[PDB]
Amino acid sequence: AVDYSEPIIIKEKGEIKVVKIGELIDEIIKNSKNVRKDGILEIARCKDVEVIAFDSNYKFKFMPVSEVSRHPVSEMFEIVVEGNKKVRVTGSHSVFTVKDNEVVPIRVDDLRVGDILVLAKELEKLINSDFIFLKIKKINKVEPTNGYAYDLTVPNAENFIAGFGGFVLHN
């Protein structure tokens, strides 16, 4: 449920890089051994690869990705926030918002302009977090670059960030 072209920061066998998520995943699937093609999602196990996710103190750290997935898709939403930062994602998938001073998932097709979204930096808990909270400018649905949406499974966290602005995504 993220577009081919959205970038992510990973660590692969110990080295950091910025990759397009679809290139990373196509490649991984392409050179694995036992891809699971069962449905309209293809799934593959991956190794030596980590992503940035927030922990229970709301702080970022690199964490292993167990497996990756993709699926053909006809639609995609673009979300723009304060600062003209954006990401393209599936309307079914989830990001985070604030409510009662804790961050909480919220599904994308339930979003509305002027709600507060959580992204990466740069209620004592909120203050100490690596988050910023920005309001939605507009949300303009669109078509998917390489008609394929992508995802990651991140054990012990169930989140990760992606997009130039480091939008936080929920599994």
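The first residue of the sequence shown is number 1, and the count goes up from there.
Mean C-alpha temperature factor, higher of 54-62 and 134-142: In the deposited entry, the stretch with the higher C-alpha B-factor mean is 134-142.
Residue stretch of maximal mean CA temperature factor, 23-31 vs 124-132: The deposited B-factors put 23-31 ahead on the C-alpha mean.
Identity of residue with top Cα B-factor, from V113, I106, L119, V103: In this record, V113 carries the highest C-alpha B-factor of the candidates.
Within-chain third of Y150 by Cα B-factor, per the entry: Ranked within chain, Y150 CA B lands in the middle tercile.
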